[PDB]
Amino acid sequence: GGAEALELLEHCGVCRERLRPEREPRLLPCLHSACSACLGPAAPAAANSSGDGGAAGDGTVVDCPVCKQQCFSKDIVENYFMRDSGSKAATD
Ligand SMILES: [Zn+2]
Ligand SMILES: [Zn+2]
């Protein structure tokens, strides 16, 4: 049992746990794979920072536990490569 996430990375940075089937792994534009659920909180809500005008963040760039900064969300949660997970179970 395990996941072949080695292709892109392995486990999610936010939780630091292997990518399980229900983990729904996703690759960010910063080149960091993480659990989709973990990726949710990654984006800001009702808040912004370093915004020249209007509003910054939330639907656009996402904060990553690695770089904690993004320019665009073109490669953000949406380009899920696949589920390298397989035969994953709590029991042995
Ligand atoms: Zn995670
Ligand atoms: Zn990152």
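Residues numbered from 1 in each chain as written, not as in the entry; some residues may be left out. Chains lettered and ligands numbered in written order. Heavy atoms only, no water.

This entry, as listed in the PDB, derives from solution NMR.

1. Points about the overall build of the chain
The test is simple: Secondary structure counts use DSSP, requiring at least four H or I residues in a row for a helix and at least two E residues in a row for a strand, with both numbered from the N terminus. Working definition: with a 1.4 Å probe on protein chains only, accessible area under 20% of the residue-type maximum means buried, over 50% means exposed, and in between means partly exposed. Pairs of residues are marked as contacts when any of their non-hydrogen atoms sit within 4.5 Å. Computed with a 1.4 Å probe, the accessible areas rest on the Shrake-Rupley method; for each residue, only the protein chains presented here act as cover. We treat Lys and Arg as the positive residues and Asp and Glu as the negative residues; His and chain ends play no part in the count. For the purpose of locating charges, the reference atoms are NZ of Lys, CZ of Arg, CG of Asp and CD of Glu.
Summing up its helical and strand segments, the chain has 1 helix and 6 strands in all. The secondary structure elements of the chain, listed N-terminal to C-terminal, are β-β-β-β-β-α-β. Each principal axis of the C-alpha distribution contributes one length, and for the chain these read about 55 × 20 × 20 Å. Across the 92 residues in the chain, those meeting the buried criterion constitute 27%. Here the contacts in the chain between residues at least 6 apart in sequence split such that 44% fall between residues at least 24 apart. For the chain, the exposed area adds up to about 6,400 Å²; of that, 49% sits on carbon and sulfur atoms. Both charge centroids of the chain, one from 9 positive and one from 13 negative side chains, sit 4 Å from each other.

2. Side note on the side chain of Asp84
As a reminder of what qualifies: For salt bridges, the criterion is a side-chain nitrogen of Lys or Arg within 4 Å of an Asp or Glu carboxyl oxygen.
Assignment of secondary structure puts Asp84 in the loop between α1 (36–42) and β6 (85–86). Notably, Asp84 is buried but unbridged: the nearest opposite-charge side chain belongs to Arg83, and the N-O separation is 9.0 Å. Excluding residues within four positions of it along the chain, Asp84 makes contact with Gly2, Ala3, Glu4, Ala5 and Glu7.

3. Looking at the coordination of the zinc ion (ligand 2)
The test is simple: Coordination shells were defined by N, O and S atoms within 2.8 Å of each metal, extended to 3.2 Å for Na, K and Ca; water is absent from the atom set, which can make sites look incomplete. Every geometry call rests on angle ranges, with four donors termed tetrahedral when all angles are between 85 and 135 degrees, four termed square planar and six termed octahedral when opposite donors are over 155 degrees apart and all others are between 65 and 115, and everything else termed irregular.
With distances of 2.1 to 2.4 Å, the protein atoms coordinating the zinc ion (ligand 2) are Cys30 (SG), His32 (ND1), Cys64 (SG) and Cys67 (SG). Angles of 83 to 134° at the metal separate the 4 donor atoms of the zinc ion (ligand 2), which places the site in the irregular class. Written as a sequence motif, the donor arrangement for the zinc ion (ligand 2) is C-x1-H-x31-C-x2-C. Within this pair, whereas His32 is found in the loop between β4 (25–27) and β5 (33–35), its partner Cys64 is found in the loop between α1 and β6, the two being separated by 32 residues in sequence. In terms of burial, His32 and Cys64 fall into one category: buried.

4. With respect to the coordination of the zinc ion (ligand 1)
Of the protein atoms, only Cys12 (SG), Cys15 (SG), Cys35 (SG) and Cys38 (SG) coordinate the zinc ion (ligand 1), at distances of 2.4 Å. Here the zinc ion (ligand 1) binds 4 donor atoms, and the angle range of 96 to 127° at the metal identifies the geometry as tetrahedral. Taken in sequence order, the residues that donate to the zinc ion (ligand 1) follow the motif C-x2-C-x19-C-x2-C. The residues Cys35 and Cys38 share a single accessibility class, namely buried.

5. Here we look at the environment of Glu24
Its place among the elements puts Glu24 in the loop between β3 (17–18) and β4. Apart from the residues lying within four places of it in its own chain, the contact partners of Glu24 are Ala34, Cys35 and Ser36.

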